[PDB]
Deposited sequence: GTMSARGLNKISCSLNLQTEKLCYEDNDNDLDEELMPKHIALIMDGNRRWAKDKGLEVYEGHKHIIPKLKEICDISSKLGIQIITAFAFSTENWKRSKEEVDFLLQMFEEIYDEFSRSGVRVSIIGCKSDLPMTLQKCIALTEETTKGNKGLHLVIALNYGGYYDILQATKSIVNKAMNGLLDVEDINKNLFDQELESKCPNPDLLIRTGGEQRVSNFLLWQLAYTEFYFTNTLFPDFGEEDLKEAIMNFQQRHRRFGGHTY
């Protein structure tokens, strides 16, 4: 049953992004909380454009977590309505857009915008933006477990077949995994993002709040990443 000693999948190919700090940013400027949230999609679009030029291929971005449901009804409804603007900002861009997470919990207004945004952009050969909306690492690992159990029940596989590669092919976020993770907002934790996929990722935390995160901030993170690899082997 056991055996472990005897492949896992300059510039980082895949960047993961935790877009934290939006509320504090607004509250600082005497603004209402919602003003902060309004910068999310525009900023992300702007970041995709900068990254696309640098040669980055994938960005996975944390927009809403399975724990975010615990916020006030007011705040939640506002965020889930706001995410409709994903269509406007991306539908006519050069970016290919996928969503990961539990779609069925979201308003049908939002469900339709998402499906449409995916359909319209599915052909773009540029940067692939993955938006994690109603997502969690616990959820990802559990839905992969259920899917593997179903396969074993239907005679498709044996317990001896269950390995890293098999499990990887059932997760919503797949190889190649993030080379670098950037978390804005000053906190040093992963908050139930891509738990499996971050096993060997480099972590970069900045105190810069997400709405102030610009090209200069990004280029710094990448510079820091390249210094880590000079002393890594």
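Missing from the model, by position in the deposited sequence, are residues 1-11, 18-20, 24-34, 259-262.
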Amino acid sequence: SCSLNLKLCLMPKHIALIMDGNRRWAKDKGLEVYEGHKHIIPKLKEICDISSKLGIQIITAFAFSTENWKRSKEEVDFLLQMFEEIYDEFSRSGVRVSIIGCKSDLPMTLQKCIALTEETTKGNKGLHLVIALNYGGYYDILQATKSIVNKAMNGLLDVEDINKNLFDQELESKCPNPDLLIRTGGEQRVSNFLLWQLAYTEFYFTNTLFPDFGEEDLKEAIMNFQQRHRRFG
From here on, numbers count along this sequence of modelled residues.
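By rigid core we mean the largest C-alpha set that fits within 1.5 Å across both forms.
Between 186-194 and 65-73, the larger mean CA deviation from the shown form in 5 other deposited structures of this protein, after core superposition, belongs to 65-73.
Between 130-138 and 109-117, the larger mean CA deviation from the shown form in 5 other deposited structures of this protein, after core superposition, belongs to 109-117. Among other deposited entries of this protein with both flanking residues present, none omit coordinates for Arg231; it is modelled throughout, well short of a third. Missing-residue comparison: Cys2 falls in the unmodelled set for none of the other PDB entries checked, so it is not missing from a third of them. Relative to its counterpart among 181-189 and 49-57, 49-57 has the higher mean temperature factor, C-alpha atoms as listed in the PDB entry.
Look at the C-alpha B-factors of 93-101 and of 135-143. On average they run higher in 93-101. Sort the chain's modelled residues by C-alpha temperature factor and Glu172 lands in the lowest third, per the entry. In this PDB entry, the Cα temperature factor of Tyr34 sits in the top third of its chain's modelled residues, the highest group.
When the modelled residues of the chain are ordered by C-alpha B-factor, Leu129 sits in the lowest third. Ranked by Cα temperature factor within the chain, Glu216 sits in the highest third according to the deposited record.
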